[PDB]
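A.B. asks: Here it is: the structure, laid out below.
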Amino acid sequence: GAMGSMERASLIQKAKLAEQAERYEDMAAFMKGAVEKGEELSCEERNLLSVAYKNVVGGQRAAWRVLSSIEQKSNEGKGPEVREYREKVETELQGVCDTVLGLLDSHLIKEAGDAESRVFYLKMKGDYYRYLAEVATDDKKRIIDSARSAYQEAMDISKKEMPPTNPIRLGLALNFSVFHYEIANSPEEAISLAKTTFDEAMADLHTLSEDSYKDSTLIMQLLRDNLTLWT
Amino acid sequence: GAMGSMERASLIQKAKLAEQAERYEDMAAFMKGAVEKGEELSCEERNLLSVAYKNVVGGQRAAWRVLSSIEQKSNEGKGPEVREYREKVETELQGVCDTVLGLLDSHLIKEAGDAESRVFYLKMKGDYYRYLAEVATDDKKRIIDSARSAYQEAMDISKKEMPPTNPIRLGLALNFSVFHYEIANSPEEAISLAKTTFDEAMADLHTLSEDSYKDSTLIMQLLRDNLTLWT
Amino acid sequence: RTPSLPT
Amino acid sequence: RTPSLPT
């Protein structure tokens, strides 16, 4: 529980209903319950897990950035309320990251043998350590290196086992490049990774169906957008 | 508690922070705590109470409508999941309405002596009974009449004590007209109320400052929009 | 849904 | 905030 008494199929069905209703907290709770049934997740189910928690922590991060900005302005010679409330949101955010990292560690990653499932989960692990790094203040260094390590393992597998146009490989590369730029203070590594990823994908588009082409080029455009921003 | 240990001023300060961060569930919890301190609410504080819960129940109603539509399509010769989840959202929604109605009854309305505070709270009471009516299936008739009664008392006071351009009076009239159209199956009453409200406000604009004019005409435009929709 | 008064 | 990958 609290999802322990519901059928796995019903949890998945309700996660999809929650997505339609834009009820992402519910969606995440349903997907947590589905994961905790102990069976591996399908491709579509992995996407549902990603969508649910990404939206939840997305709201929390946006709120945290608002409050952090206000707190920063408050400094530079009122009361403790701004800091308290930022800490409240921060704690809640960390709790969600810890929850997702918990699911990945118990036991999604260890049972994921196929390249695309394994890369998917390791990319997710990198992301949630990155979100923890965004608010960390030297616990921070170990957090950053945990993000790096997860991204790196995912990169190694994806380069060996997936085509350069694979959307999971592309999405991993885009986020690892964002990690380099935003977290690791390595803009040159960020730019290099983004460019090589984009160029290697470009060269492989000719192999793709119209639908696969659409999928890949969409993410390539986001890579390009970041490069334009960075240079 | 859980807001019992926090200063009233800190709760108000954090409600405003939560609004900036678009954290409306938090905002509502903070405002509930502030109300439960037992002191009357200022004009600005009443607005915060309205904003917080309106956004919370707004999300719930939107979700309920999505799920209800799906459930309706499912009928007309699967499983119980759609109905279950719609019921879950419905129960949560009713809980929020009951919470707000509880604050109004214990003891906001009874201590509100000034016309604009009293009308504000009675308008709110009408709204939350209306939201209960939207999902009610004959409990429904008493719910509808509770909405009507609250709106009616607010109308009586507002007509006697407030100018026809007062935004609170205008907003009450707009929502009571929506109640007539959407809930009470009385479109002609809805149209009549909207038109008389609009015309009587028009005739009083000449008395207003530029800023008051702006406030009033904004709501008059929403009245007009509804009339255009209805006719 | 006829729009009600926002805020 | 450099945009990360949506979804």
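Chain lettering (A, B, ...) mirrors the order of the structure tokens, residue numbering begins at 1 for each chain separately, and ligand numbering begins at 1 in order of display.
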Within 9 Å of residue 6 of chain C, counting only C-alpha atoms, which residues qualify if same-chain residues fewer than 5 places away don't, as a list in words?
C.D. replies: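 Returned residues: residues 51, 54 and 171 of chain B.
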A.B. asks: Assign secondary structure with DSSP using the backbone only, and return the residues of segment 1-147 of chain B in alpha helix (DSSP H) as JSON, numbers by chain.
C.D. replies: {"B": [8, 9, 10, 11, 12, 13, 14, 15, 16, 17, 18, 19, 20, 24, 25, 26, 27, 28, 29, 30, 31, 32, 33, 34, 35, 43, 44, 45, 46, 47, 48, 49, 50, 51, 52, 53, 54, 55, 56, 57, 58, 59, 60, 61, 62, 63, 64, 65, 66, 67, 68, 69, 70, 71, 72, 73, 74, 81, 82, 83, 84, 85, 86, 87, 88, 89, 90, 91, 92, 93, 94, 95, 96, 97, 98, 99, 100, 101, 102, 103, 109, 110, 111, 115, 116, 117, 118, 119, 120, 121, 122, 123, 124, 125, 126, 127, 128, 129, 130, 131, 132, 133, 134, 135, 139, 140, 141, 142, 143, 144, 145, 146, 147]}
A.B. asks: Please compute the atom CA of residue 92 of chain A-atom CA of residue 5 of chain B distance, one decimal, in Å.
C.D. replies: 20.0 Å
A.B. asks: A:20, A:185, A:117, A:55: which is nearest residue 161 of chain A, counting only C-alpha atoms?
C.D. replies: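 That would be A:117, the residue with the smallest distance to residue 161 of chain A.
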A.B. asks: For chain B, which of A:87, A:36, A:22, A:7 is the closest residue, counting only C-alpha atoms?
C.D. replies: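 Once distances to chain B are computed over only C-alpha atoms, the minimum belongs to A:22.
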A.B. asks: Show me, as number ranges by chain, every residue of chain B with an atom at most 10 Å from chain A, counting only C-alpha atoms.
C.D. replies: B: 9-11, 13-15, 17-23, 26, 59-67, 70, 78-82, 84-86, 89
A.B. asks: Interatomic distance between atom CA of residue 168 of chain B and atom CA of residue 197 of chain B?
C.D. replies: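 For atom CA of residue 168 of chain B relative to atom CA of residue 197 of chain B, the distance reads 12.2 Å.
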A.B. asks: I'd like the interatomic distance between atom CA of residue 182 of chain B and atom CA of residue 1 of chain C, to a tenth of an Å.
C.D. replies: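 One can read the atom CA of residue 182 of chain B to atom CA of residue 1 of chain C distance as 7.7 Å.
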A.B. asks: Can you tell me, as a PyMOL selection string, what residues are no more than 8 Å from residue 2 of chain C when counting only C-alpha atoms, ignoring any on the same chain fewer than 6 positions away?
C.D. replies: chain B and resi 178+182+226+229
A.B. asks: Could you take the residues named above and write them with N, CA, C and O atoms, as a CSV table (one decimal), in the first residue's frame?
C.D. replies:
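Output saved as result_25.csv:
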```
chain,number,residue,atom,x,y,z
B,178,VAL,N,-24.4,32.7,-13.7
B,178,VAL,CA,-23.9,31.5,-14.1
B,178,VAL,C,-24.6,30.3,-13.4
B,178,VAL,O,-24.9,29.3,-14.1
B,182,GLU,N,-26.3,27.4,-15.6
B,182,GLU,CA,-25.6,26.1,-15.6
B,182,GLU,C,-26.2,25.1,-14.6
B,182,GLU,O,-26.2,23.9,-14.8
B,226,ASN,N,-20.6,36.6,-21.5
B,226,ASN,CA,-21.5,35.6,-21.2
B,226,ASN,C,-22.8,35.8,-22.0
B,226,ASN,O,-23.4,34.8,-22.5
B,229,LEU,N,-22.5,34.7,-25.5
B,229,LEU,CA,-22.5,33.3,-25.5
B,229,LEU,C,-23.9,32.7,-25.4
B,229,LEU,O,-24.3,31.8,-26.1
```
A.B. asks: Please list as an MDAnalysis selection string every residue within 12 Å of segment 154-157 of chain B, counting only C-alpha atoms and excluding residues in the same chain fewer than 6 positions away.
C.D. replies: chainID B and resid 109 113:127 147:148 163:164 168:177 193 197
A.B. asks: Skip residue 228 of chain B itself and residues of its chain fewer than 6 positions away, then list as an MDAnalysis selection string all residues within 12 Å of it, counting only C-alpha atoms.
C.D. replies: (chainID B and resid 191 194:195 221:222) or (chainID C and resid 2:3)
A.B. asks: Okay, now the selection with N, CA, C and O atoms, as an mmCIF file, in the first residue's frame?
C.D. replies:
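What landed in part04.cif:
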```cif
data_model
loop_
_atom_site.group_PDB
_atom_site.id
_atom_site.type_symbol
_atom_site.label_atom_id
_atom_site.label_comp_id
_atom_site.auth_asym_id
_atom_site.auth_seq_id
_atom_site.Cartn_x
_atom_site.Cartn_y
_atom_site.Cartn_z
ATOM 1 N N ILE B 191 -29.845 35.377 -18.179
ATOM 2 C CA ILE B 191 -29.695 36.460 -19.141
ATOM 3 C C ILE B 191 -30.213 37.784 -18.566
ATOM 4 O O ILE B 191 -29.570 38.828 -18.706
ATOM 5 N N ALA B 194 -27.813 39.146 -15.889
ATOM 6 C CA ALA B 194 -26.595 39.655 -16.521
ATOM 7 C C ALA B 194 -26.823 41.001 -17.206
ATOM 8 O O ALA B 194 -25.997 41.907 -17.097
ATOM 9 N N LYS B 195 -27.945 41.126 -17.907
ATOM 10 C CA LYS B 195 -28.230 42.357 -18.638
ATOM 11 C C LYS B 195 -28.510 43.532 -17.703
ATOM 12 O O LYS B 195 -27.958 44.605 -17.895
ATOM 13 N N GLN B 221 -17.119 43.409 -18.914
ATOM 14 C CA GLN B 221 -16.802 42.753 -20.181
ATOM 15 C C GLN B 221 -17.059 41.253 -20.080
ATOM 16 O O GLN B 221 -17.547 40.621 -21.019
ATOM 17 N N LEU B 222 -16.755 40.683 -18.923
ATOM 18 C CA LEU B 222 -17.049 39.273 -18.698
ATOM 19 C C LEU B 222 -18.549 39.006 -18.668
ATOM 20 O O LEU B 222 -18.997 37.969 -19.155
ATOM 21 N N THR C 2 -20.083 27.676 -19.199
ATOM 22 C CA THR C 2 -20.101 29.129 -19.234
ATOM 23 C C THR C 2 -19.026 29.633 -18.268
ATOM 24 O O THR C 2 -19.005 29.213 -17.127
ATOM 25 N N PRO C 3 -18.112 30.518 -18.707
ATOM 26 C CA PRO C 3 -17.119 31.046 -17.762
ATOM 27 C C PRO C 3 -17.696 31.829 -16.582
ATOM 28 O O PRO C 3 -18.445 32.789 -16.753
#
```
A.B. asks: Select all residues from chain D having any atom no more than 7 Å from an atom of chain A (counting only C-alpha atoms, ignoring ligands), output as a PyMOL selection string.
C.D. replies: chain D and resi 2+4-5+7
